[PDB]
Amino acid sequence: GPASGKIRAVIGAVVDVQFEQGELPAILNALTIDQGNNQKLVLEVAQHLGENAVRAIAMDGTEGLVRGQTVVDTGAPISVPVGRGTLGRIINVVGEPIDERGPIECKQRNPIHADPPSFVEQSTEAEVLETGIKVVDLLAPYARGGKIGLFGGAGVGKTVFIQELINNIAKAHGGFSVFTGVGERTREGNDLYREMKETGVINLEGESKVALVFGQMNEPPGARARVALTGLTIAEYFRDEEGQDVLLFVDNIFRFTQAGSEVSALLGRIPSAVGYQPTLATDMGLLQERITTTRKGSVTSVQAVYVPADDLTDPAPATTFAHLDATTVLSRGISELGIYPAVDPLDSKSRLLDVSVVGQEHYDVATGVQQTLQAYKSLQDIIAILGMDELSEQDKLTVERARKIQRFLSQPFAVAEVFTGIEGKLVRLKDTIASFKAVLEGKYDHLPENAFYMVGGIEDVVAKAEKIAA
Amino acid sequence: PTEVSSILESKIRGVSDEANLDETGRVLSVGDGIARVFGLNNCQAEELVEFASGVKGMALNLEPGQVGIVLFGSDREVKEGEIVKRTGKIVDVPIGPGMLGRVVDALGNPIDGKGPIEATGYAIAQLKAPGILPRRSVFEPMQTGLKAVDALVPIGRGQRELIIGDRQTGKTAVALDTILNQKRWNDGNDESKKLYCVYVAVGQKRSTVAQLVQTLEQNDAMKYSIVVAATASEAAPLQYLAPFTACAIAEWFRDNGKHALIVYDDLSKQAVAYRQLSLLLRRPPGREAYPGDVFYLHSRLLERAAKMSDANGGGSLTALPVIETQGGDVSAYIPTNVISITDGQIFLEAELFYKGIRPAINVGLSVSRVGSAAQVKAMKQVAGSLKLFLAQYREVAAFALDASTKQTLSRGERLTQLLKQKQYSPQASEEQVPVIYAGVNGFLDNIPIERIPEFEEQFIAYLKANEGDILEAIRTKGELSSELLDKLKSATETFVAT
Amino acid sequence: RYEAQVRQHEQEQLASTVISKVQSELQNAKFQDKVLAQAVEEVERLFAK
Amino acid sequence: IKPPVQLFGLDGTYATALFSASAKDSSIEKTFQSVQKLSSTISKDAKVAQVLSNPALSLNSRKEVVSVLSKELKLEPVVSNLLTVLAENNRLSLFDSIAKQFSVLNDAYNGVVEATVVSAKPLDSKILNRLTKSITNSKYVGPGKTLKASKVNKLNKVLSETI
Ligand SMILES: Nc1ncnc2c1ncn2[C@@H]1O[C@H](COP(=O)(O)OP(=O)(O)O)[C@@H](O)[C@H]1O
Ligand SMILES: Nc1ncnc2c1ncn2[C@@H]1O[C@H](COP(=O)(O)OP(=O)(O)O)[C@@H](O)[C@H]1O
Ligand SMILES: [Mg+2]
Ligand SMILES: [Mg+2]
Numbered sequence: 007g008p009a010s011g012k013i014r015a016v017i018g019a020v021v022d023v024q025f026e027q028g029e030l031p032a033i034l035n036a037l038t039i040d041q042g043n044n045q046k047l048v049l050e051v052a053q054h055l056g057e058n059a060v061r062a063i064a065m066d067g068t069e070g071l072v073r074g075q076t077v078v079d080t081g082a083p084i085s086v087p088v089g090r091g092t093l094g095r096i097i098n099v100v101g102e103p104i105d106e107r108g109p110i111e112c113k114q115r116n117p118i119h120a121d122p123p124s125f126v127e128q129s130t131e132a133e134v135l136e137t138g139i140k141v142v143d144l145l146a147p148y149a150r151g152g153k154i155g156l157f158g159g160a161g162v163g164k165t166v167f168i169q170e171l172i173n174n175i176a177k178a179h180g181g182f183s184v185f186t187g188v189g190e191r192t193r194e195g196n197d198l199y200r201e202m203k204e205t206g207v208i209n210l211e212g213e214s215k216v217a218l219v220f221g222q223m224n225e226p227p228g229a230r231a232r233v234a235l236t237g238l239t240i241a242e243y244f245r246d247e248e249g250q251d252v253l254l255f256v257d258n259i260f261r262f263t264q265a266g267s268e269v270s271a272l273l274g275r276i277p278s279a280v281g282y283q284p285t286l287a288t289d290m291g292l293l294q295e296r297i298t299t300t301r302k303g304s305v306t307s308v309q310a311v312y313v314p315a316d317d318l319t320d321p322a323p324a325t326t327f328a329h330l331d332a333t334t335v336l337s338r339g340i341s342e343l344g345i346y347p348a349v350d351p352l353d354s355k356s357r358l359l360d361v362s363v364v365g366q367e368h369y370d371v372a373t374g375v376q377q378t379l380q381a382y383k384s385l386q387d388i389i390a391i392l393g394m395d396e397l398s399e400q401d402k403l404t405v406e407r408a409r410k411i412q413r414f415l416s417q418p419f420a421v422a423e424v425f426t427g428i429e430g431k432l433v434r435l436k437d438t439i440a441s442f443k444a445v446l447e448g449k450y451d452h453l454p455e456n457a458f459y460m461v462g463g464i465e466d467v468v469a470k471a472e473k474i475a476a
Numbered sequence: 007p008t009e010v011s012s013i014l015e016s017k018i019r020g021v022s023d024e025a026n027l028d029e030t031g032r033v034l035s036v037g038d039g040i041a042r043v044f045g046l047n048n049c050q051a052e053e054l055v056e057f058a059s060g061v062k063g064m065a066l067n068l069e070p071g072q073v074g075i076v077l078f079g080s081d082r083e084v085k086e087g088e089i090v091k092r093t094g095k096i097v098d099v100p101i102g103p104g105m106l107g108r109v110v111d112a113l114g115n116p117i118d119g120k121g122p123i124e125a126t127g128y129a130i131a132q133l134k135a136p137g138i139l140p141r142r143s144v145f146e147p148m149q150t151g152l153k154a155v156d157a158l159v160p161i162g163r164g165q166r167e168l169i170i171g172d173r174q175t176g177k178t179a180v181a182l183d184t185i186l187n188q189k190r191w192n193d194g195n196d197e198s199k200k201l202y203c204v205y206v207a208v209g210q211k212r213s214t215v216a217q218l219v220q221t222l223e224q225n226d227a228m229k230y231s232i233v234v235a236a237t238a239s240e241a242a243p244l245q246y247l248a249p250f251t252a253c254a255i256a257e258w259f260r261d262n263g264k265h266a267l268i269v270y271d272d273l274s275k276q277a278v279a280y281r282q283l284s285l286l287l288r289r290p291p292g293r294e295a296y297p298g299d300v301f302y303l304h305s306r307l308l309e310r311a312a313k314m315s316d317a318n319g320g321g322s323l324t325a326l327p328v329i330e331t332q333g334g335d336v337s338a339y340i341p342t343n344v345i346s347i348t349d350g351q352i353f354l355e356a357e358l359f360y361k362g363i364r365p366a367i368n369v370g371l372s373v374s375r376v377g378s379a380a381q382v383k384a385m386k387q388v389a390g391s392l393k394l395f396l397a398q399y400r401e402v403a404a405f406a412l413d414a415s416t417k418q419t420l421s422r423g424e425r426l427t428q429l430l431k432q433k434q435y436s437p438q439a440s441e442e443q444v445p446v447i448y449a450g451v452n453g454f455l456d457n458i459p460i461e462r463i464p465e466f467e468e469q470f471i472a473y474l475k476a477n478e479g480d481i482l483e484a485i486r487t488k489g490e491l492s493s494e495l496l497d498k499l500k501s502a503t504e505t506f507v508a509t
Numbered sequence: 154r155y156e157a158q159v160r161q162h163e164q165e166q167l168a169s170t171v172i173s174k175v176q177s178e179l180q181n182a183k184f185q186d187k188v189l190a191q192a193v194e195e196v197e198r199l200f201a202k
Numbered sequence: 006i007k008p009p010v011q012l013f014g015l016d017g018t019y020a021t022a023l024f025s026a027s028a029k030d031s032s033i034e035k036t037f038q039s040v041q042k043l044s045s046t047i048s049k050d051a052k053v054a055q056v057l058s059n060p061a062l063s064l065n066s067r068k069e070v071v072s073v074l075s076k077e078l079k080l081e082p083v084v085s086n087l088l089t090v091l092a093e094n095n096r097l098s099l100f101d102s103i104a105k106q107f108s109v110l111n112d113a114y115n116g117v118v119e120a121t122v123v124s125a126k127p128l129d130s131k132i133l134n135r136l137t138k139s140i141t142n143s144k145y146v147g148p149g150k151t152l153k180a181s182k183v184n185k186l187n188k189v190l191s192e193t194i
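Structure, rendered in structure tokens:
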């Protein structure tokens with residue numbers, strides 16, 4: 007027989023299990039509870055209160071459990087299916103399929119709780135990844151095999167930025183994908199599975215190359231915090247045991263830290279800053295270090311962070327900026343003007359923005375475009391109060407070039423064709439560097455400011471100015 | 007009829023026959039909306055309880071030797087040493103088709119004096135939302151009646167459209183006009199076009215809930231609409247559970263083959279009631295004195311209002327949450343949590359509401375995610391680039412005489428005045444398609460600015476007697492081809508010159 | 154409205170007189186109420202055994 | 006050995022911890038009479054209760070020095086170890102809670118309760134409570150029962192609220 011326990015306390019997601027025998031369960035142990043729906047339950051051990059009693063965290067709803075229920079221990083952690091059998095199926099936090107397509111016939115089942123890579127097994131690189139956007143291929147360029155962060159507020163453009171990059175980079179990457187959504191919406195999960203099947207990403211009757219992991223905000227706090235560990239276990243097996251460049255897509259990454267803060271008050275831990283948990287830097291660093299590039303394979307992490315009430319100085323937004331190679335902050339002020347998207351050039355930064363990786367031509371164009379936008383933003387107090395006529399001769403030419411350069415970097419994505427009405431433009435890396443250098447030298451000063459808004463490179467800006475003047 | 011009091015006394019004589027089997031025990035302490043009950047070993051988590059005076063309770067935390075019961079009433083109905091009573095079930099409420107036409111409360115009891123409610127079942131308040139296999143895309147159109155809501159950010163069956171804004175701006179007025187405009191489809195025989203309203207007044211006053219129910223009954227709109235009364239004079243547990251109880255009653259129609267429309271007015275009042283019970287239980291306060299589970303309470307109740315597929319019945323549930331902003335602060339803790347879970351929002355600015363633009367719907371802030379495909383084809387074809395032309399005309403008029416700027420200012424002023432309707436004056440899809448086609452084609456530029464209200468009433472009355480074939484074809488078919496577009500342009504040009 | 158108010162006032166006045174007569178009968182040492190209360194407790198415990 | 010009686014968890018764990026070591030070699034009957042003598046000579050006496058509320062003492066009359074407060078009273082077996090643990094942990098103020106929890110363990114495994122109405126029940130010591138409650142309710146209703180209630184008050188309040 008296995009190790010059976012008795013439920014002694016139950017307050018929300020926390021359920022203290024009192025074991026009658028001396029062989030108590032360890033930390034991060036999967037506990038099963040018998041119910042009456044052919045599904046049982048799932049519970050993960052957190053800490054031990056003593057006196058033959060350990061406080062566990064349930065991964066589902068604890069409504070209906072009485073004092074003294076049987077809680078059997080599985081002897082290990084929450085295992086999930088890994089390998090090629092998880093491609094195309096919708097798995098959950100416990101590894102069970104939710105796509106109504108039978109069980110996942112996997113050979114091995116790895117646990118969700120595992121250690122990350124050491125210092126001798128790491129592998130750093132400097133390979134640039136072309137995304138197609140004009141504001142991302144010149145300002146903050148992404149790195150292949152690193153961690154990308156798409157920070158932003160509510161209604162800025164966090165969900166649309168991850169969908170446009172997956173339809174132009176993950177479709178021709180060669181390796182398998184891993185779209186593990188944590189804290190998403192109910193309508194976002196059904197719309198992402200139907201769009202990938204019609205484009206050739208998730209084939210139900212053929213070969214697939216994208217792992218889907220369920221876990222929206224409609225579940226409890228235990229399923230949302232454990233959704234990031236289940237999706238990362240399937241992507242780590244394809245890069246270590248198989249050696250493939252996996253692509254981890256988390257939406258959103260801020261839901262992992264917010265789910266653990268609601269259950270930290272019932273476990274005995276004291277509150278931290280802004281009512282958060284005390285182990286904020288320890289829980290976020292254990293999961294972000296395992297989604298890196300090793301010597302056996304790479305892992306391009308493309309997660310998205312959510313700003314709390316439009317604040318970048320929070321405990322869940324500032325702690326995730328030190329574990330990402332490239333950041334993409336989305337300000338709420340530029341989204342109401344007409345920028346698609348609201349890519350802030352003064353806040354987005356990356357480690358690949360140098361002259362030794364992008365060349366001497368791309369490094370000079372990035373420094374010149376950022377210097378013109380910083381001069382116009384610092385002088386905004388005089389243009390909004392006194393007006394634009396209070397400037398001199400040198401400040402008047404810099405204000406006109408800064409407005410046209412900000413609208414030229416906002417290109418219309420292919421996924422946002424129903425909200426904008428224009429077609430999708432995918433500018434290359436060589437075409438975006440040549441168009442920004444010609445506008446800053448004085449070759450496009452006679453054109454209007456509306457000819458570069460929602461366009462492509464230098465070819466689309468000349469065709470839009472001739473049609474508006476006819 | 008022939009001594010009606012004798013029939014109720016004979017049926018209520020024998021009922022209490024088996025109610026002495028231990029079950030719950032007694033209590034120990036009570037205070038701050040809680041009751042520390044000592045005992046009840048067979049009571050499950052989140053189960054309904056009953057005190058000795060008749061007050062209901064909910065056992066939240068159950069530790070060893072004690073059980074934290076949250077009272078849903080006043081603290082004067084529970085004392086030290088009083089016996090409790092376990093119900094045996096969880097926090098459920100009544101649902102079914104018999105609740106249409108009565109004003110219920112938070113626990114499902116009637117407060118209108120119409121007697122008992124003929125419920126067909128019992129659904130729990132804390133129900134899980136559907137997955138990605140039992141959901142479908144929003145394709146049905148939800149007519150609200152307003153000309154500035156049906157053409158800009160339209161709503162659909164199964165989507166969640168928020169209604170942010172400040173006080174006295176048009177938050178509660180937008181939800182009342184959409185429920186009264188469904189009388190043209192619910193009074194007929196089309197069951198797929200009908201939509202049952204579900205007004206959940208949480209946080210409102212006692213006099214405001216009684217005046218709103220009397221206005222809907224006089225216009226034949228309270229016969230198929232559920233009213234959830236939840237004033238601020240009750241306990242903190244009754245107002246916080248008003249959102250979960252109202253969603254369980256409206257979910258029965260979506261799971262059988264009907265459409266539902268829930269209006270949670272307001273979303274800001276429900277967040278203040280949930281924080282009062284958590285602060286008294288010694289919890290951790292985060293931003294704006296809120297607990298860690300503040301975002302999970304609003305995201306779980308809004309995820310259940312989705313559109314089912316054809317294998318689940320084909321129904322849908324619409325959610326209309328009203329957010330009360332404090333001075334237009336849309337970047338707050340309760341403002342950013344409701345906008346990140348809903349598919350679109352309707353911002354109500356207080357600057358345009360005091361100038362006469364009713365309702366003040368900002369074109370540059372309010373948008374709809376699943377509103378383009380879930381709209382009528384006749385209204386979308388006549389309003390070509392209506393959302394893009396309305397946002398660009400407001401920015402050019404605030405900074406202003413050239414030749415190009417004079418054409419956009421004259422056309423933008425006539426379209427904003429014609430789309431502004433009065434209170435309790437909803438229009439259909441056929442009448443709003445003829446008024447929006449004249450302002451976008453240049454047929455209303457020759458009229459004056461003060462004659463914008465007179466031109467809308469004259470064009471609607473002349474198109475229902477001299478051209479009845481064009482108005483009936485736009486509502487039955489829902490689109491306009493080549494023959495329907497040429498007949499509408501000839502009738503609008505001849506009536507504008509006379 | 155006058156007919157409904159007269160019917161509600163007559164039903165409320167008749168219910169108040171019947172409630173006062175039931176309370177006065179129990180305070181007059183009713184021998185039948187004491188014997189019926191003890192026999193109902195023994196029959197209810199035997200049905201659940 | 007832990008019996009299924011719960012009895013709180015923190016304050017009620019004082020008597021439950023000492024009941025495991027005292028339930029060996031038949032040492033449970035002598036603990037009932039010895040616990041009643043310690044509470045009857047510190048409550049209705051007003052002589053030895055001078056250090057019941059004061060926080061002084063600190064090993065002066067509580068432990069060590071006893072003689073007449075242990076040997077002359079009714080303590081010789083495991084009764085002296087129960088008072089020494091409450092003096093070092095500052096638990097001598099709640100002597101009535103430790104003695105009341107010891108009598109509830111013997112009345113649960115070797116007796117019964119479940120009071121119906123009026124006064125107390127019968128508290129049988131047979132086996133199950135199904136055949137013991139039916140044979141004791143008929144013999145107690147006829148003998149005595151002055152009836153000087181709960182079921183008559185609940186039925187009268189339901190008829191007046193529906194008027
Ligand atoms: N390239 C774009 N062009 C126009 N609108 C966009 C673009 N990208 C995003 N949006 C708008 O931003 C909104 C984002 O909504 P949502 O995903 O709910 O919030 P968040 O992006 O904060 O998660 C969408 O309604 C969409 O209309
Ligand atoms: N179409 C309209 N025409 C005229 N007045 C309106 C219109 N819509 C709303 N109002 C006014 O706006 C007010 C809104 O009041 P209330 O609902 O209490 O505040 P809120 O709308 O912020 O919830 C009403 O008193 C009503 O007179
Ligand atoms: Mg999103
Ligand atoms: Mg209102």
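Protein chains in written order, with the authors' numbering: chain F, 7 to 476; chain B, 7 to 406, 412 to 509; chain V, 154 to 202; chain U, 6 to 153, 180 to 194. All C-beta atoms, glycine included, are put in the ideal place defined by N, C-alpha and C.
Asked	Found
By Cβ distance, which residues of its chain are closer than 8 angstroms to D317 of chain F, with the 5 residues on each side in sequence left out?	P323
Please confirm whether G221 of chain F and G187 of chain F have their CB atoms less than 8 angstroms apart.	yes
Check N116 of chain F in the structure and name its three-state DSSP category.	strand
Please tell me whether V467 of chain F and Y450 of chain F are closer than 8 angstroms, where the distance is taken between their beta carbons.	yes
Given a threshold of 16 other Cβ atoms within 10 Å of its Cβ, counted over all protein chains shown, does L136 of chain U qualify as buried or as exposed?	exposed
So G195 of chain F contacts chain B; which residues on that side make the cut at Cβ distance below 9 angstroms?	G137, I138, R141
Based on Cα-Cα distance, which residue from B:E401, B:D480, B:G94 lies nearest to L27 of chain B?	B:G94
Quick one: is the Cβ of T165 of chain F within less than 7 angstroms of any heavy atom of ligand 1?	yes
Are there 16 or more other CB atoms within 10 angstroms of the CB of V402 of chain B, so buried, or fewer, so exposed?	exposed
Kindly identify the DSSP beta-bridge partner or partners of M148 of chain B.	B:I161
Which residues in chain V have a C-beta closer than 7 angstroms to the C-beta of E29 of chain B? List them in chain order.	Result: empty, since nearest Cβ-Cβ is about 12 angstroms, beyond 7 angstroms.
Residue ranges of each alpha helix (DSSP H) run of no fewer than 4 residues wholly in the segment 79-119 of chain U, ordered along the chain?	85-93, 100-114
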